[PDB]
**Student:** 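Please find one structure pasted underneath; my questions will follow.
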There are 4 protein chains.
Amino acid sequence: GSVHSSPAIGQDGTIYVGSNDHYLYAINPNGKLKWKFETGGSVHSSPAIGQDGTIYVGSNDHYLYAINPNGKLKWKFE
Amino acid sequence: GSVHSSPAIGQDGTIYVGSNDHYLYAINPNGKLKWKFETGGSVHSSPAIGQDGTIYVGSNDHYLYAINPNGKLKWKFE
Amino acid sequence: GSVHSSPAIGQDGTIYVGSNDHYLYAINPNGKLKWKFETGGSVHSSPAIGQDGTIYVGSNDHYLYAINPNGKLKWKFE
Amino acid sequence: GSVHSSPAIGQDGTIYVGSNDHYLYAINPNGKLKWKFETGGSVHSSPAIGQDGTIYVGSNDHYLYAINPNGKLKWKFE
């Protein structure tokens with residue numbers, strides 16, 4: 001397997017990456033955590049970024065997540 | 001394995017994602033389904049979007065699919 | 001596993017996709033084959049496209065391939 | 001498995017690709033090595049490139065790496 005998804009880069013340089021530890025990480029370009037988002041399963045899918053900055057990623061809990069840029073859930077799709 | 005491919009984002013913000021349930025999903029940015037497209041196998045490949053909006057994704061049924069933005073098959077390649 | 005890599009789209013709309021059948025495929029947007037390129041192993045890696053149109057993809061024969069837009073080998077890196 | 005991640009392309013055409021041999025490779029468009037970066041595990045994740053050229057990739061040593069364009073470590077995140 002792979003511990004990390006491929007990263008995605010936001011407008012301000014934020015680095016978003018999924019982990020098989022079940023979290024989506026948002027990392028500042030300075031290497032400090034901005035936030036992390038808890039899903040119910042491994043995040044192998046590489047995040048995509050919408051035109052408005054929404055971060056989308058699938059989880060092995062079977063949901064497609066839409067996360068606001070501040071780390072709060074926008075919605076999940078099953 | 002992974003339940004989801006990595007998502008792709010269309011011009012209008014539509015989120016396209018493959019599933020190992022054999023479907024390609026097109027999701028409105030509001031979290032409601034736009035359409036889903038039935039293939040014959042797991043869609044692990046992450047979709048790509050052409051300049052005219054066509055959505056391309058491979059399936060483990062061994063076909064490369066070209067899907068119109070309205071969810072109708074354009075062609076499949078083997 | 002997955003039969004297909006994720007596709008990449010060229011300037012003219014050409015769709016490039018790797019297969020576990022060991023080939024990199026270049027498909028016209030009309031669904032007809034432009035060319036295919038034979039490697040020595042499964043092409044699980046998703047191709048990337050350079051600014052000059054070169055197509056790059058890794059193969060499980062352990063080479064990173066650079067392919068010209070006309071399907072001829074440019075170089076391979078090990 | 002897959003020996004290579006999907007490649008990423010830098011501003012000057014440099015091709016960045018991870019290997020399950022634990023290294024991230026930066027290859028000149030002419031096919032000669034620019035540098036390689038040693039991690040502690042397979043680099044299955046496909047690199048992403050920041051707006052300032054930083055290369056980000058995850059490794060199965062459980063770190064997300066930020067690498068400067070000259071191949072020197074910028075930081076690693078766990």
Side-chain angles (χ1 to χ4, degrees), chain A residues 1-2 6 44 46, chain B residues 1-2 4-6 8 18-24 37-48 50 54-67 73-78, chain C residues 1-10 13-49 53-78, chain D residues 1-7 15 17-21 42 44 46:
Chain A
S2 174
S6 311
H44 289 308
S46 310
Chain B
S2 174
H4 302 93
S5 83
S6 311
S19 178
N20 68 350
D21 76 4
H22 296 12
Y23 281 77
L24 170 72
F37 184 91
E38 185 186 16
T39 81
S42 289
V43 183
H44 289 308
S45 160
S46 310
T54 307
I55 306 98
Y56 307 93
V57 75
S59 168
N60 281 5
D61 67 9
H62 288 209
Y63 279 104
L64 177 82
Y65 286 87
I67 308 300
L73 177 71
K74 184 190 297 281
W75 47 252
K76 53 199 190 187
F77 176 89
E78 195 190 16
Chain C
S2 174
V3 174
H4 302 93
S5 83
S6 311
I9 310 302
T14 300
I15 305 99
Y16 305 98
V17 66
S19 178
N20 68 350
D21 76 4
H22 296 12
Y23 281 77
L24 170 72
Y25 290 90
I27 309 166
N28 191 301
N30 67 14
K32 296 194 180 94
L33 182 71
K34 189 179 307 248
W35 45 256
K36 52 189 195 46
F37 184 91
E38 185 186 16
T39 81
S42 289
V43 183
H44 289 308
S45 160
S46 310
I49 306 180
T54 307
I55 306 98
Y56 307 93
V57 75
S59 168
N60 281 5
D61 67 9
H62 288 209
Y63 279 104
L64 177 82
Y65 286 87
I67 308 300
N68 293 297
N70 62 6
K72 305 187 192 168
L73 177 71
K74 184 190 297 281
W75 47 252
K76 53 199 190 187
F77 176 89
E78 195 190 16
Chain D
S2 174
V3 174
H4 302 93
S5 83
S6 311
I15 305 99
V17 66
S19 178
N20 68 350
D21 76 4
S42 289
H44 289 308
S46 310

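Naming convention: chains lettered A, B, ... in sequence-line order (proteins, then strands); numbering from 1 in each chain.
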**Student:** Got a sec, which pairs hit salt bridge (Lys or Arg N to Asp or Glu O under 4.0 Å) with one end in residues 29-45 of chain C, sequence neighbours left out?
**Tutor:** C/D12-C/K34
**Student:** If you compare all heavy atoms of B/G50 against all heavy atoms of B/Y56, which two are closest, and at what distance to 0.1 Å?
**Tutor:** N-CE1, 3.7 Å
**Student:** List the atom of C/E78, the atom of C/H62, and the distance in Å for their closest heavy-atom pair.
**Tutor:** CG-O, 3.9 Å
**Student:** So, the side chain of B/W75 versus the backbone of C/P29: is there a donor-acceptor pair under 3.5 Å, distance only?
**Tutor:** yes
**Student:** What pairs with C/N28 under side chain to side chain contact (heavy atoms under 4.5 Å, CB included), at least two apart in sequence or on another chain?
**Tutor:** C/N30
**Student:** Strictly distance-based, threshold 3.5 Å: is any side-chain N or O of D/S6 a donor or acceptor partner for the main-chain N or O of C/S45?
**Tutor:** no
**Student:** Suppose we screen for side chain to side chain contact (heavy atoms under 4.5 Å, CB included). Which residues come up paired with D/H44, at least two apart in sequence or across chains?
**Tutor:** A/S2, D/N20, D/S42, D/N60
**Student:** Who are the side-chain hydrogen bond (donor to acceptor under 3.5 Å, both in side chains) partners of C/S59, not counting sequence neighbours?
**Tutor:** C/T39, C/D61
**Student:** So which atom in C/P7 and which in B/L64 form the shortest heavy-atom distance, rounded to 0.1 Å?
**Tutor:** CG-CD1, 4.2 Å
**Student:** With side chains defined as the heavy atoms from C-beta onward, is the minimum distance between C/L73 and C/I67 less than 4.5 Å?
**Tutor:** yes
**Student:** What residues form a ring pair (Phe, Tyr, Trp, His ring centres under 6.0 Å) with B/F77, not counting sequence neighbours?
**Tutor:** C/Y25
